[PDB]
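Handing you this structure, nothing more for now.
Per-chain residue numbering starts at 1, and chain names A, B, C, D, E, F, G, H, I and J are given in the order in which the chains are listed.
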Amino acid sequence: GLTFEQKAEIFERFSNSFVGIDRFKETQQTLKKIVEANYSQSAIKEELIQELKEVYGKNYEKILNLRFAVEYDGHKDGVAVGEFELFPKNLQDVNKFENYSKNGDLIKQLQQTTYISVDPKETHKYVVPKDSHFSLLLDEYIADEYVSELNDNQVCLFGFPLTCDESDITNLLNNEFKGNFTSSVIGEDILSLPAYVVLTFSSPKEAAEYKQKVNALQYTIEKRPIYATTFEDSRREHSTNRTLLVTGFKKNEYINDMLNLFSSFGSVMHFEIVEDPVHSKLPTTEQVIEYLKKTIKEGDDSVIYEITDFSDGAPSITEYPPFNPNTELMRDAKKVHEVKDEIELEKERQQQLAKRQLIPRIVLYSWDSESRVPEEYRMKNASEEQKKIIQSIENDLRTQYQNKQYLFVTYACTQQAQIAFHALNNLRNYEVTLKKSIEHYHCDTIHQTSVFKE
Amino acid sequence: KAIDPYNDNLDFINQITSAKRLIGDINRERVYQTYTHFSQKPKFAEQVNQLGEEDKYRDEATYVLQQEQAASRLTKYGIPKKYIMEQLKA
Amino acid sequence: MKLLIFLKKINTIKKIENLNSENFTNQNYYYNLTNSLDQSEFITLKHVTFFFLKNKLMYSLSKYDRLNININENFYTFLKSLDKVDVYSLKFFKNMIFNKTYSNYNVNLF
Amino acid sequence: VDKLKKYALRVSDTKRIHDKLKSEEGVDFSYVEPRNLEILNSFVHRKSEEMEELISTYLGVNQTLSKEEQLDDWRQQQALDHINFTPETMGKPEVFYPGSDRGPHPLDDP
Amino acid sequence: XXXXXXXXXXXXXXXXXXXXXXXXXXXXXXXXXXXXXXXXXXXXXXXXXXXXXXXXXXXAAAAXXXXXXXXXXX
Amino acid sequence: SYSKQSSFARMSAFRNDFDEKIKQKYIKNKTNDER
Amino acid sequence: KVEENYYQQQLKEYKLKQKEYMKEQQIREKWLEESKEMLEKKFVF
Amino acid sequence: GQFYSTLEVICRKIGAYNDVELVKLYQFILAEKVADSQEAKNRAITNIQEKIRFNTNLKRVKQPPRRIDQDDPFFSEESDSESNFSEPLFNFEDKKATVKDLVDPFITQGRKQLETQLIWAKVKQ
Amino acid sequence: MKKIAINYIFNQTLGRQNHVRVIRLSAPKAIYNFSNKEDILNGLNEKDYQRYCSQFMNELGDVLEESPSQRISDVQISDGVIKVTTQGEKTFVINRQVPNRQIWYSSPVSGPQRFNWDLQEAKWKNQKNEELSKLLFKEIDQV
Amino acid sequence: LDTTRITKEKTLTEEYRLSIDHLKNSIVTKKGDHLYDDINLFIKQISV
């Protein structure tokens, strides 16, 4: 079993304590390194490099220094370019995606947008009508399937973990497997590492007889198996038994941790996350009112558009469409039938105000500081020395984002998917299912609430 | 706009309380065919309880009666910036 | 000159407070408190495996936000100041406000 | 413990105030003698009192008892009427409900 | 992992469950009940409580207020 | 399952409408008669 | 066609409430009437 | 019966919601206090935990059966309705709950926040 | 290096999210197999293949979408693919395989197999001289 | 039935006292303190 003293450590760590406070003090002191280091990575490299070696083995040197290219296809005119780093030197700069260089302004023109500022022609490329959802606009993904794509005389392998290099593969073939093959090609996955190799044999008997060799002997890198497949296994090694969902994660989590998780259980071939901003502009009431009058016709009181002003921090409301209290009234009545006519009509006029207030109202936001503020501390009354500063800040604030609490994966193997399906169901809060013909709009919630209002 | 509950001057307030002791009470529903925030409208509210039973009106009546049955400068109208900064010096 | 650097910056700060932000509409600081502690965050067999295996940094690094920690410190001391101090009184007053206490003088048909 | 009183005085300060704005001695009511008052409240709540007699007879409740047993009913009203929320007026000290396992509400374990 | 499967029912999980009932139900006062508690970060022996803390705030303070306090008879 | 996102995916069951009168079609052959 | 169906689907829901609602009132009347008779007997004797 | 009722007054002001929770929190602090080396300590916990795992089952009431709300995978449990009104003792005029009583003064909630809140409650019902 | 595809997408109406950022990562494909367009294989050119599949492939989607039978619980269509789910959980899949100039059929009953085009007969068929459609409608009734 | 019923073996009458003493040593006690009154009674309600 275990010794006594180990239990008390396990006990204290898990005695009336939830996640966020498990070893609460130690995490504070990690900041005292980092904050004093001003987010420089200098306090942390000695610890990560041990972990990479125990996990990534040899390629840790690359994996500190890997870089993914980036392409922004949002702005209508031009596509942009950038890069993104695993484990960068600025511990602040994490999943910000700000190193883009080619087209610097066009993405700022998009982050710096209200719900009014939409020109589908010249500025913006992708737009979502009410009939549709943003997933339908995207090119619908089709994961690549390898076992279906075969010649019935070649064979593919599966299950190469992270620590194996290209040099290792070329050795094991000549050393252990000793194939009679004609050719061989390696398939690199998302990270530069390999995960599967195809082998061409001149005739099918060469393949299957070679297959049963590889699967009779159970060659096992550190703990994981490796096996071979042919056209018969295209059924089992199809995209349906590969793809998965995940939903248990929180809002604040970084991608730099996520890619390491799902790569650990096995190699990966595709990711999808939808992230939404936190801070976005809030225009003036007038710009809204100028906009609504173009969109909305008169005599449409099914819905009302509340507009609010938070330049004071407390809301002040402005409404649209405004109310028409046009009414005529009977006055100085001197007979009985004069009274009866008044009663039957005022049953409504005892109710008009409530049936106005009890209309579904679309809520909208506005700022309106420049009006209700002294002229000294305005933006128009500022200096170009300052106006650069504020635009430097606005362009920074609107780079924070929040994931939509779901995720997608394509494991190139099936056994890797079985293992991720087995562990992720048994870790913190993650919950997993296959992706059997479903799209984003099922898991989306905010879109799924607005539709119910309609 | 004019009746700011966070307005705190003797002039603006003594003009109010001195009005009621002399005037008495008012039925301001005749006045305002539109809506106001400061007024009391019992007959307006007794209606919405009855209309509120239906399916449309529960999700919408709540914000009304919250806005009416409330008693605070703070929770009803929020807290603007000015009323806080006054209390640091104070 | 030191006074000028102090006050010339403040001329900017009073003009920086008036920026647009969708977040200032919501009361984020109140949501983060309520949404922190849930049924999920209680320790289970599942969480505990995540604390033995991959307690590492590359597998998990978002723990070290100032906001995720400063907010938990309020919950932190309340649990460990439980045995030493009369927080049971605070529970009594918390119920006393909403009349959830039950006294002797009062009348009941229970 | 020092903060406990500040946190405790707010409790009694608030229940006084919140009941005050609903009561409002100056404008909303005026203190009057109860004896002559019930003559009035017998008229506006007349509808309820009429049915309560029908219920008493439907159950089979008897008429008013002898003078001695009416004098017994006298002081038992006086006991309920001469309250000041003290052990002197009660005959017992003050306590609060033992918070039980199933819940603090009493009917969780009647 | 076996130890966690062993000392499962024997584990103490009642205190944490209490706070959950607090934040869920009374979401308002709970913020106050937790804000009421705030232990001192650092102690200090001799001083003149009248104005020593007064000057101790004006000078020799950086992002951390200083002030007096009682103790077990002290 | 309790996750609000994964739930409604697990709930959905498409092709919610059906009929019995309507025959199930087939691909047609102008090559040869059947009767 | 739909409004006619939903019209008559919802009558069944309305009447059943109305019938059981009146069953109480018929039971109220006997209590209201008979209880008043028991009063006058006690005050005349 | 002598020292039982006072623990209910003491344990609550301590974290221990019940008597046995004292033992559950002071397991190891108390295990070191007893000596019957490491094998005595390990065998000492078993002397304790087996008591705890026996003290409960007697105090454990037979729980009521499994309701619909419980173990519902897709949704949480139902939230009981809280109201501000107390019905009449006899309802000659049949009174009913109304929207005003669900509301509570001195607490407010933004307009959009409610409609989000009320939808997901409507989906449960 | 590899590439990430970010797609900023926006809503046109008012109440909903003004701004959205979609992320998509996709590792490239390996080029194990290759055959030129002009290189005919299995009796078909690249253009002969796209015609005689789409003519047969598009008609099914017109049917299976409109299928009134309970058994077909879910159906999905994409570029040159169609997925099926009989009642319960099982799945049938048809998929075009370009360089082979052939299609890919997969059933739980019968393993994955391939079918070929015949000019004199003008239909995708098996080594067993069997249509793809009738196997689809039979294997459903078989299970 | 006897499997359920208690025995003097499994009781805890001493393990309470060991914990309470850990509180008194750990926590300050005075007349103003609410714990001082109940604990000194509690000690008599075992030794007596």
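Everything that follows uses one rule, which is that a residue touches a chain if its C-beta (ideal position, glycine included) is under 8 Å from a C-beta of that chain, and two chains touch if they have at least 3 such contacts.
Student: Centre-to-centre on C-alpha atoms, which chain is most distant from chain C?
Tutor: G
Student: Counting only Cα atoms for the centres, state how far chain D is from chain I in Å.
Tutor: Distance between chain centres, rounded to whole Å: 79 Å.
Student: Rounded to a whole Å, what is the gap between the Cα centroids of chain I and chain J?
Tutor: 75
Student: Averaging only over C-alpha atoms, locate the centres of chain A and chain H and give their separation in whole Å.
Tutor: 37
Student: Could you put a whole-Å number on the gap between the CA centroids of chain E and chain H?
Tutor: Whole-Å distance between the two chain centres: 25.
Student: Could you check chain G for residues that touch two or more other chains and list them?
Tutor: Within chain G, no residue touches at least two other chains.
Student: Could you list which residues of chain H touch at least two other chains?
Tutor: 12-15, 18, 25, 27, 107, 111, 115, 119, in rising order.
Student: Going by the contact rule already set, what residues in chain E reach two or more other chains?
Tutor: Within chain E, the residues that touch at least two other chains are 4, 7, 11-16, 36.
Student: Touching pairs of chains, all of them, please.
Tutor: The set of touching chain pairs is A-B, A-C, A-E, A-F, A-H, A-I, B-H, C-D, C-E, C-H, C-J, D-E, D-G, D-H, E-H, F-H, F-I, H-J.
Student: Which part of chain C faces chain A closely enough to touch in the complex?
Tutor: 11-12, 14-16, 18-25, 36-37, 40-43, 45-51, 54, 56-66, 68-69, 72-73, 75-76, 79
Student: Given the complex with chain E, which residues does chain A contribute to the contact?
Tutor: 2, 6-7, 10-11, 14-18
Student: Name, in rising order, each residue of chain H that touches chain J in their complex.
Tutor: 2-3, 6-7, 9-10, 13-14, 19-20, 22-23, 26, 29-30, 33, 48, 50-51, 54-55, 57-58
Student: Any idea which chain A residues touch chain F in the complex?
Tutor: 245, 247-248, 404-406, 429, 431, 433, 437-438, 442-445, 448
Student: For a test of understanding, state which residues of chain H touch chain A in their complex under the given definition.
Tutor: 15, 25, 27-28, 38, 41-42, 45, 111-112, 115-116, 119-120
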